[PDB]
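What follows is the content of input-v1.cif, which has mmCIF, C-alpha atoms:
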```cif
data_target
loop_
_atom_site.label_atom_id
_atom_site.label_comp_id
_atom_site.auth_asym_id
_atom_site.auth_seq_id
_atom_site.Cartn_x
_atom_site.Cartn_y
_atom_site.Cartn_z
CA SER D 1 25.31 19.00 -5.64
CA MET D 2 25.91 22.17 -3.59
CA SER D 3 24.14 25.16 -5.23
CA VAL D 4 23.29 22.90 -8.28
CA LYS D 5 19.69 21.71 -8.41
CA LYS D 6 17.53 19.91 -10.95
CA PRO D 7 14.34 21.87 -11.75
CA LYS D 8 11.61 21.67 -8.93
CA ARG D 9 8.98 18.90 -9.69
CA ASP D 10 5.65 20.20 -8.28
CA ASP D 11 4.87 18.00 -5.26
CA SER D 12 2.19 20.25 -3.69
CA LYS D 13 -0.73 17.96 -4.73
CA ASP D 14 0.97 14.65 -3.80
CA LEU D 15 -0.85 14.40 -0.43
CA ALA D 16 -4.30 14.82 -1.98
CA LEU D 17 -3.56 12.54 -4.85
CA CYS D 18 -2.13 9.70 -2.56
CA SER D 19 -5.37 10.12 -0.46
CA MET D 20 -7.50 9.66 -3.59
CA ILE D 21 -5.59 6.58 -4.66
CA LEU D 22 -5.89 5.15 -1.13
CA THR D 23 -9.70 5.84 -1.22
CA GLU D 24 -9.96 3.90 -4.44
CA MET D 25 -7.99 1.00 -2.89
CA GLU D 26 -10.18 1.12 0.27
CA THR D 27 -13.41 0.83 -1.77
CA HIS D 28 -12.27 -1.94 -4.19
CA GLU D 29 -14.28 -5.13 -3.63
CA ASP D 30 -11.11 -7.20 -3.18
CA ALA D 31 -9.71 -4.87 -0.46
CA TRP D 32 -11.27 -6.93 2.40
CA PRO D 33 -8.09 -8.86 3.34
CA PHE D 34 -6.18 -5.54 3.63
CA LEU D 35 -8.50 -3.09 5.38
CA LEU D 36 -7.36 -3.83 8.95
CA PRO D 37 -4.24 -5.09 10.66
CA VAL D 38 -3.96 -8.91 10.72
CA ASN D 39 -4.91 -10.05 14.24
CA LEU D 40 -1.55 -11.30 15.53
CA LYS D 41 -3.21 -13.15 18.45
CA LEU D 42 -5.54 -15.07 16.14
CA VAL D 43 -3.47 -15.90 13.05
CA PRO D 44 -0.82 -18.45 13.81
CA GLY D 45 2.54 -17.81 12.21
CA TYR D 46 1.90 -14.16 11.23
CA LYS D 47 3.76 -12.43 13.96
CA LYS D 48 6.96 -14.40 13.48
CA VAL D 49 6.94 -14.64 9.78
CA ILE D 50 5.89 -11.09 8.67
CA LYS D 51 8.47 -8.76 10.05
CA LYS D 52 6.66 -5.56 9.02
CA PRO D 53 2.82 -5.84 9.01
CA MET D 54 1.02 -3.18 6.98
CA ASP D 55 -2.65 -2.60 6.05
CA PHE D 56 -4.75 0.17 4.46
CA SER D 57 -6.04 1.54 7.78
CA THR D 58 -2.49 1.96 9.09
CA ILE D 59 -1.47 3.66 5.82
CA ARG D 60 -4.52 5.94 6.14
CA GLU D 61 -3.58 6.98 9.68
CA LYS D 62 0.11 7.51 8.68
CA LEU D 63 -1.09 9.62 5.69
CA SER D 64 -3.44 11.76 7.78
CA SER D 65 -0.82 12.49 10.46
CA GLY D 66 2.21 13.53 8.28
CA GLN D 67 4.12 10.37 8.75
CA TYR D 68 4.97 10.02 4.97
CA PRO D 69 7.86 12.34 4.07
CA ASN D 70 7.21 11.92 0.37
CA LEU D 71 5.13 9.99 -2.20
CA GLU D 72 7.73 7.16 -2.47
CA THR D 73 7.56 6.24 1.21
CA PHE D 74 3.72 6.03 0.68
CA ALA D 75 4.18 3.62 -2.32
CA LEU D 76 6.61 1.50 -0.27
CA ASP D 77 3.94 0.84 2.44
CA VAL D 78 1.26 0.08 -0.16
CA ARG D 79 3.62 -2.44 -1.88
CA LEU D 80 4.49 -3.89 1.56
CA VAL D 81 0.82 -4.82 2.02
CA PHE D 82 1.05 -6.90 -1.21
CA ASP D 83 4.44 -8.36 -0.59
CA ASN D 84 3.34 -9.51 2.85
CA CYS D 85 0.22 -11.05 1.31
CA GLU D 86 2.37 -13.06 -1.19
CA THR D 87 4.69 -14.19 1.60
CA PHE D 88 1.83 -15.70 3.61
CA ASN D 89 -0.82 -16.77 1.10
CA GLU D 90 -0.83 -19.25 -1.77
CA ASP D 91 -1.38 -17.62 -5.27
CA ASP D 92 -4.39 -19.99 -5.66
CA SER D 93 -6.43 -18.79 -2.62
CA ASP D 94 -8.97 -16.05 -2.45
CA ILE D 95 -6.64 -13.79 -0.43
CA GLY D 96 -3.64 -14.63 -2.73
CA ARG D 97 -5.70 -13.63 -5.79
CA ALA D 98 -7.00 -10.50 -4.00
CA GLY D 99 -3.43 -9.41 -3.46
CA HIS D 100 -2.37 -9.82 -7.04
CA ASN D 101 -5.47 -7.96 -8.24
CA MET D 102 -4.97 -5.06 -5.79
CA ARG D 103 -1.31 -4.69 -6.66
CA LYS D 104 -2.22 -4.45 -10.34
CA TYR D 105 -4.92 -1.92 -9.61
CA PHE D 106 -2.57 0.18 -7.43
CA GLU D 107 0.32 0.16 -9.91
CA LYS D 108 -1.82 1.41 -12.78
CA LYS D 109 -3.24 4.31 -10.71
CA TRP D 110 0.31 5.10 -9.56
CA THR D 111 1.65 5.30 -13.17
CA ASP D 112 -1.39 7.21 -14.47
CA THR D 113 -1.28 9.72 -11.63
CA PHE D 114 2.50 10.40 -11.29
CA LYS D 115 4.46 8.94 -14.36
#
```

As structure tokens, the full file:
Amino acid sequence: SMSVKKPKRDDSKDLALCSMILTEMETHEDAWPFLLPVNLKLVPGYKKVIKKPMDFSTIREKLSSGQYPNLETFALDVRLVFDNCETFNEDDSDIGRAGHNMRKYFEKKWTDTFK
């Protein structure tokens, strides 16, 4: 509350560490469905159904340009990529499986880096 603060958690490396995680997600072999924005002209249904499209390239640009206020807003956009993927893709599809694998991969790096 006013003039009463918990001890300061060191956040000065969060930017570099989120960039490293994002690099690792970018270079994973199952990243291919997620590297670029879904082409809303060419993929029927996507525009209407997925209210907030997100992809690794968009996260990378947001990261590079100071559009994440803190590490949690970064994790929200990563998770949004996977939540969108589950909304639109059957679990038993290559892209559906890619999404589950990438989410697992991300969540472990997140825990090992920050928890």

So, with all atoms listed in the file as the atoms that count, which of D:61, D:56, D:40, D:4 lies closest to residue 27 (chain D)?
D:56

Write out as a PyMOL selection string the residues lying within 12 Å of residue 39 (chain D), counting all atoms listed in the file and excluding same-chain residues fewer than 6 positions away.
chain D and resi 33+45-47+53-55

When you draw a straight line from CA of residue 79 (chain D) to CA of residue 103 (chain D), how long is it in Å?
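Atom-to-atom, CA of residue 79 (chain D) and CA of residue 103 (chain D) are spaced 7.2 Å apart.
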
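Comparing the minimum interatomic distances between residue 17 (chain D) and each of D:59, D:71, D:80, D:85, counting only C-alpha atoms, we find that D:71 sits nearest.
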
Which residue is closest to residue 35 (chain D)? Choose from D:101, D:73, D:58, D:87 and count all atoms listed in the file.
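Looking only at the distances to residue 35 (chain D), the closest residue turns out to be D:58.
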
Assuming the chain letters and numbering stay as they are in my file, what does the PyMOL selection byres ((chain D and resi 7-15) around 12) actually select? List them as an MDAnalysis selection string.
chainID D and resid 4:6 16:22 60 62:75 110 113:115

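Distances from D:84, D:3, D:111, D:93 to residue 49 (chain D) were compared using all atoms listed in the file, and the smallest one belongs to D:84.
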
Please report, as AutoDock Vina command-line options, the centre and edge lengths in Å to one decimal of an axis-aligned box covering all listed atoms of region 79-89 of chain D with 5 Å per side.
```
--center_x 1.9 --center_y -9.6 --center_z 0.9 --size_x 15.5 --size_y 24.3 --size_z 15.5
```

I'd like to know which of D:105, D:57, D:36, D:50 is closest to residue 89 (chain D), using all atoms listed in the file.
D:50

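Here CA of residue 30 (chain D) is placed at a distance of 15.9 Å from CA of residue 108 (chain D).
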